[PDB]
Amino acid sequence: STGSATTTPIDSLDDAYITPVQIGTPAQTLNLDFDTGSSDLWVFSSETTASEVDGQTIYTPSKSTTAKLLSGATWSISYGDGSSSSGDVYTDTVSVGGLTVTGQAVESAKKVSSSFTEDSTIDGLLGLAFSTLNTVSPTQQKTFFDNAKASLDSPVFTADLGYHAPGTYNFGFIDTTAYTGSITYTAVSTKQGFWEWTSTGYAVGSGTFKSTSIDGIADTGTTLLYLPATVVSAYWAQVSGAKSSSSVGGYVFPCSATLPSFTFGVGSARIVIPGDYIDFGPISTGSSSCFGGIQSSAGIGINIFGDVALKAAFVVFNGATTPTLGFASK
Ligand SMILES: c1cnc2c(c1)ccc1cccnc12
């Protein structure tokens, strides 16, 4: 089997991407944030604290004839950005663009943190990292990809995020018309539960490529590209007026600037992120200071190849016996 769904930016900055997901019987369609940096499929629901729901579409397990409460199971997640959510668990039918999983754990939110409530466009998350990170207790649950894997034509999923435009998540197949050239595959470590790989280096604009190992994760659930301080300082040094702002919380630059591109290495291959992809607009409404799309990972503890990097490539999340990541220009 295969599945194919369109993923859409939630706003004009591509802060996140939403993909419609069918849950239950009859189908309840929620727009979820497909996240390769986490492993919980959780949704806003009829059980979420009323004051914490503001515009989101909710999953009502009592209206699904296939929903079964998973006895004694609870979940609780805390994300890298400070957000959190928790609740109980049901098993139900979940479909993504024609691909169906029966008995998928659907984590129903009883509580969500302010940033989830404030984002009316995201009805929940669909985790695509390794099931070892799933927070369901006392019995850990599998991701949608893990549950579907055996049935897929090929044990893979691909991320093709668009820049200011719709894109696609495919399950079970590689669309050879969605990229140019060839896909370069690279080793993945699953030790931390992430799609963790090692970039071979970088270049800023038309500059000399620096060969240096950058260990990081391919994370569709993180907006920006988080890299070592030395790398990020080298990038922003090429932008007149750019500086690290402690008050804003990162590198900012004059909105009138034209940004240089950023290239990252995947083995001997190179992915070029166009400069416009690194512009995240005014730091505050009407400001002429803009927020950078490339930021230091010094405070995080891990480098993150978020949507800024991933949307410049056709990305293969290969769930073969030994998982690997594939990247191609597009
Ligand atoms: C991810 C993280 N931080 C940001 C954005 C996206 C977009 C704009 C912005 C403006 C000021 C500070 N942070 C951000």
Side-chain angles (χ1 to χ4, degrees), residues 9-18 33 35 37-38 54-55 77-85 112-122 125 161-164 199 202-205 207 210 214-242 244-264 272-312:
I10 64 164
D11 61 25
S12 62
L13 300 177
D14 299 349
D15 281 318
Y17 294 81
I18 50 173
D33 188 351
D35 179 13
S38 76
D54 182 17
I77 197 164
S78 297
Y79 294 108
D81 65 341
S83 60
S84 70
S85 52
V112 305
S113 66
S114 58
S115 71
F116 286 115
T117 300
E118 288 158 7
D119 191 349
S120 71
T121 65
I122 293 179
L125 269 70
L161 309 174
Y163 162 69
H164 292 175
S199 174
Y202 73 95
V204 175
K210 176 65 175 182
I214 302 155
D215 182 291
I217 68 171
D219 185 7
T220 63
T222 291
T223 313
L224 308 187
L225 172 50
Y226 294 88
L227 290 172
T230 54
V231 176
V232 172
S233 182
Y235 179 78
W236 292 106
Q238 298 302 313
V239 181
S240 296
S244 187
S245 167
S246 60
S247 67
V248 178
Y251 280 89
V252 299
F253 68 94
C255 293
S256 63
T258 295
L259 302 178
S261 65
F262 186 85
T263 299
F264 61 95
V272 183
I273 304 168
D276 285 1
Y277 287 33
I278 299 153
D279 182 346
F280 277 72
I283 63 172
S284 282
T285 311
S287 178
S288 75
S289 176
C290 273
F291 194 72
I294 292 174
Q295 299 293 346
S296 185
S297 60
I300 309 162
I302 197 163
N303 298 305
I304 306 163
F305 293 86
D307 303 330
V308 166
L310 304 185
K311 74 181 153 183

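Quick note: residue numbers are just sequence positions, from 1.
Residues forming a side chain to side chain donor-acceptor pair (under 3.5 Å) with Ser115 (at least two apart in sequence, or on another chain): none. With sequence neighbours left out, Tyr79 forms a ring-ring contact (aromatic ring centres under 6.0 Å, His included) with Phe116. Not counting sequence neighbours, the partners of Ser297 by the side chain to side chain donor-acceptor pair (under 3.5 Å) test are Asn303. Listed by chain and residue number, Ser38 satisfy the side chain to side chain donor-acceptor pair (under 3.5 Å) test with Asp35 (two or more places apart in sequence, or in another chain). Checked against salt bridge (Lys or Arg N to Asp or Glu O under 4.0 Å), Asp279 has no partners two or more places apart in sequence or in another chain. Taking the ring-ring contact (aromatic ring centres under 6.0 Å, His included) definition, one finds that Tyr202 meets it with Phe262, sequence neighbours left out. Every residue meeting the side chain to side chain contact (heavy atoms under 4.5 Å, CB included) condition with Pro260, not counting sequence neighbours, appears here in chain and number order: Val204, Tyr235, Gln238, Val239. Residues that satisfy the side chain to side chain contact (heavy atoms under 4.5 Å, CB included) test with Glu118, not counting sequence neighbours, are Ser114. With sequence neighbours excluded, the residues that form a side chain to side chain contact (heavy atoms under 4.5 Å, CB included) with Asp276 are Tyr163.
The only option from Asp15, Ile18, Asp33, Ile10 that meets the side-chain contact (heavy atoms from CB on, under 4.5 Å) definition with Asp119 turns out to be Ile10.
With rounding to the nearest 0.5 Å, the separation of CG in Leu161 from OH in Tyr277 is 10.5 Å. To the nearest 0.5 Å, the span separating CD1 on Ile77 from OG on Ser113 amounts to 11.0 Å. Atoms CD1 and CG, from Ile273 and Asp307 in turn, are 11.0 Å apart once rounded to the nearest 0.5 Å. Distance check: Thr230 OG1 to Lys210 NZ gives 9.0 Å after rounding to the nearest 0.5 Å.
Counting only heavy atoms from C-beta outward, the side chains of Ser120 and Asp54 never approach each other to under 4.5 Å. Under the 4.5 Å side-chain criterion, counting only non-hydrogen atoms from C-beta, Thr223 is not in contact with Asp14. Side chains of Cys290 and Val252 form no contact here, defined as non-hydrogen atoms less than 4.5 Å apart. Under the 4.5 Å side-chain criterion, counting only non-hydrogen atoms from C-beta, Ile278 is in contact with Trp236. Residues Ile294 and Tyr251 form no side-chain contact, since every pair of their non-hydrogen atoms from C-beta on lies 4.5 Å or further apart. In this structure the side chain of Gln295 never reaches within 4.5 angstrom of the side chain of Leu225, judged on heavy atoms.
Judged by distance alone, with hydrogens and angles left aside, the side-chain atoms of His164 form a donor-acceptor pair with the main-chain N or O of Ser12 at under 3.5 Å.
Residue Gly207 comes nearest to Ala203 through the heavy atom pair O-CB, 3.8 Å, listed as atom of the first residue, atom of the second, then distance. Heavy-atom minimum distance, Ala242 versus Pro254: N-CD, 4.0 Å. The two residues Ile122 and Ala16 make their nearest non-hydrogen contact at CD1-CB, 3.8 Å.
Residues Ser289 and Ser287 bring no donor and acceptor atom of their side chains to less than 3.5 Å of each other.
Residue pairs meeting the ring pair (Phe, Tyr, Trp, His ring centres under 6.0 Å) criterion with at least one partner in residues 214-233, sequence neighbours excluded, are absent. Screening residues 286-305 for ring pair (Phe, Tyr, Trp, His ring centres under 6.0 Å) gives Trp197-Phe305, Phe264-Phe305 as the qualifying pairs, with residues at least two apart or on separate chains.
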Distance-only check: which donor-acceptor pairs under 3.5 Å involve side-chain atoms of residues 215-222, not counting sequence neighbours?
{"from": "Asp219", "atom 1": "OD1", "to": "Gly37", "atom 2": "N", "distance (Å)": "3.2"}
{"from": "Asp219", "atom 1": "OD1", "to": "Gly221", "atom 2": "N", "distance (Å)": "3.0"}
{"from": "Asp219", "atom 1": "OD2", "to": "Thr222", "atom 2": "OG1", "distance (Å)": "2.6"}
{"from": "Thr220", "atom 1": "OG1", "to": "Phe34", "atom 2": "O", "distance (Å)": "2.8"}
{"from": "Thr220", "atom 1": "OG1", "to": "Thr36", "atom 2": "N", "distance (Å)": "3.0"}

- Task: Using the side chain to side chain contact (heavy atoms under 4.5 Å, CB included) rule, take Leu227 and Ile214 through it: C-alpha gap first, then chi angles, then the decisive distance, then the call.
- Result: CA-CA 8 Å; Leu227 290 172; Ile214 302 155; 3.8 Å; yes
